[PDB]
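Visitor: Please see the structure below; I have some questions.
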Amino acid sequence: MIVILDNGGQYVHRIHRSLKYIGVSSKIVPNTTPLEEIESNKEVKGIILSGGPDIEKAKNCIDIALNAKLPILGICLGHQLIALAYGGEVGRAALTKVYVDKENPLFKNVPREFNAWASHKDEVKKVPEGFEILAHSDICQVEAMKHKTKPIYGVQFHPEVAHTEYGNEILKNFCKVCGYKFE
Ligand SMILES: [Zn+2]
Ligand SMILES: [Zn+2]
Ligand SMILES: [Zn+2]
Ligand SMILES: [Zn+2]
Ligand SMILES: [Zn+2]
Ligand SMILES: [Zn+2]
């Protein structure tokens with residue numbers, strides 16, 4: 001099972017439907033849910049930090065990003081909250097051409113280029129120390145990132161919206177990082 005923290009986004013339920021599509025169970029919990037409550041259920045293989053409109057209503061994701069033993073994927077706001085947590089810089093900014101520099105876990109079975117959706121207004125300007133950039137666009141330097149040694153992933157785009165090319169494959173890939181096999 002995957003736990004999804006509700007950061008208020010209008011597409012949070014779409015993450016739960018996308019996971020079910022690829023055969024993965026998920027539960028939408030409040031973003032005030034403590035880590036010790038998520039990590040005590042032995043069937044949780046991973047945490048997703050959802051998108052949302054207000055980063056001030058989602059700062060519990062900070063501690064989760066720093067303390068989780070489980071793998072973490074941040075989407076949009078969740079991606080930003082990961083950057084803030086580890087001391088990276090976040091600043092002011094829909095269909096974007098995304099260039100994959102490191103096929104890493106996240107972009108295996110995805111083309112080197114693809115179109116990704118997000119109307120964000122805030123982006124990651126500098127990746128935290130001990131992170132690396134996996135993907136960028138023409139203008140913006142960080143479209144997706146990972147900690148170099150921890151299973152912590154962020155994507156500025158929403159892979160749970162149809163408008164995003166290969167979005168279910170990117171979610172499937174994070175599930176592979178969470179120890180899911182498929183065949
Ligand atoms: Zn359901
Ligand atoms: Zn968003
Ligand atoms: Zn590049
Ligand atoms: Zn963008
Ligand atoms: Zn941007
Ligand atoms: Zn930019």
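Ordered as shown in the structure tokens, chains take letters A, B, and onward, while each chain numbers its residues from 1 and ligands are numbered from 1 in the order shown.
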Would you name the residues within 9 Å of ligand 4, counting only C-alpha atoms and all ligand atoms, and put them as a PyMOL selection string?
Guide: chain A and resi 93-96+116-123+137+139-140+142-143+156-157
Visitor: Taking only C-alpha atoms and all ligand atoms into account, report as an MDAnalysis selection string which residues have an atom no farther than 8 Å from an atom of ligand 1.
Guide: chainID A and resid 16:17 20 26
Visitor: Taking only C-alpha atoms and all ligand atoms into account, which residues have an atom no farther than 10 Å from ligand 3? I'd like them as a list in words.
Guide: residues 98, 99, 100, 101, 102, 112, 113, 133, 134, 135, 136, 137, 138 and 141 of chain A
Visitor: Could you pull out all residues of region 34-156 of chain A with a DSSP call of strand (DSSP E or B) and give them as a PyMOL selection string?
Guide: chain A and resi 46-49+72-75+89-92+95-100+113-117+122-126+131-136+144-147+152-155
Visitor: Limited to C-alpha atoms, could you put the picked residues into a file as a PDB file, in the first residue's frame?
Guide:
```pdb
ATOM      1  CA  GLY A  46       5.930   4.404   0.431  1.00  0.00           C
ATOM      2  CA  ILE A  47       4.567   7.941   0.969  1.00  0.00           C
ATOM      3  CA  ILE A  48       3.331  10.463  -1.662  1.00  0.00           C
ATOM      4  CA  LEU A  49       3.215  14.210  -0.784  1.00  0.00           C
ATOM      5  CA  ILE A  72       8.906   9.527  -0.722  1.00  0.00           C
ATOM      6  CA  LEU A  73       7.545  11.126  -3.940  1.00  0.00           C
ATOM      7  CA  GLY A  74       6.653  14.863  -3.794  1.00  0.00           C
ATOM      8  CA  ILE A  75       4.301  16.109  -6.564  1.00  0.00           C
ATOM      9  CA  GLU A  89      15.755  27.185  -2.521  1.00  0.00           C
ATOM     10  CA  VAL A  90      12.094  27.580  -3.706  1.00  0.00           C
ATOM     11  CA  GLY A  91      10.870  30.730  -5.595  1.00  0.00           C
ATOM     12  CA  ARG A  92       8.141  32.139  -7.911  1.00  0.00           C
ATOM     13  CA  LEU A  95       2.246  21.830 -20.819  1.00  0.00           C
ATOM     14  CA  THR A  96       6.110  21.778 -20.562  1.00  0.00           C
ATOM     15  CA  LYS A  97       8.620  19.783 -22.654  1.00  0.00           C
ATOM     16  CA  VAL A  98      10.656  17.830 -20.025  1.00  0.00           C
ATOM     17  CA  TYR A  99      14.219  16.613 -20.765  1.00  0.00           C
ATOM     18  CA  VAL A 100      15.350  13.542 -18.713  1.00  0.00           C
ATOM     19  CA  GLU A 113      11.640  13.832 -23.789  1.00  0.00           C
ATOM     20  CA  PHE A 114       7.942  14.095 -22.864  1.00  0.00           C
ATOM     21  CA  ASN A 115       5.220  16.679 -22.236  1.00  0.00           C
ATOM     22  CA  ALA A 116       4.253  17.204 -18.523  1.00  0.00           C
ATOM     23  CA  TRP A 117       1.393  19.283 -17.008  1.00  0.00           C
ATOM     24  CA  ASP A 122       6.231  28.188  -7.492  1.00  0.00           C
ATOM     25  CA  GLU A 123       9.243  26.073  -8.531  1.00  0.00           C
ATOM     26  CA  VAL A 124      12.470  24.645  -7.031  1.00  0.00           C
ATOM     27  CA  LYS A 125      15.260  27.162  -7.955  1.00  0.00           C
ATOM     28  CA  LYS A 126      18.157  25.288  -6.266  1.00  0.00           C
ATOM     29  CA  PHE A 131      20.311  16.048  -4.106  1.00  0.00           C
ATOM     30  CA  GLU A 132      20.751  15.746  -7.904  1.00  0.00           C
ATOM     31  CA  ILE A 133      18.615  16.992 -10.889  1.00  0.00           C
ATOM     32  CA  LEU A 134      17.016  14.133 -12.983  1.00  0.00           C
ATOM     33  CA  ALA A 135      14.946  16.246 -15.453  1.00  0.00           C
ATOM     34  CA  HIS A 136      14.636  19.901 -16.618  1.00  0.00           C
ATOM     35  CA  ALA A 144      12.292  16.448 -11.048  1.00  0.00           C
ATOM     36  CA  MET A 145      14.985  15.602  -8.405  1.00  0.00           C
ATOM     37  CA  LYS A 146      16.267  12.864  -6.053  1.00  0.00           C
ATOM     38  CA  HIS A 147      18.428  12.716  -2.891  1.00  0.00           C
ATOM     39  CA  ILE A 152      13.362  10.767  -1.935  1.00  0.00           C
ATOM     40  CA  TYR A 153      11.874  11.967  -5.290  1.00  0.00           C
ATOM     41  CA  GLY A 154      10.153  15.193  -6.419  1.00  0.00           C
ATOM     42  CA  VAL A 155       8.481  16.141  -9.748  1.00  0.00           C
TER      43      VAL A 155
END
```
Visitor: Taking the backbone alone, and naming residues the way the document does, which bits of chain A are helix (DSSP H, G or I) by DSSP, as an MDAnalysis selection string?
Guide: chainID A and resid 12:21 35:39 55:57 60:67 77:85 167:177
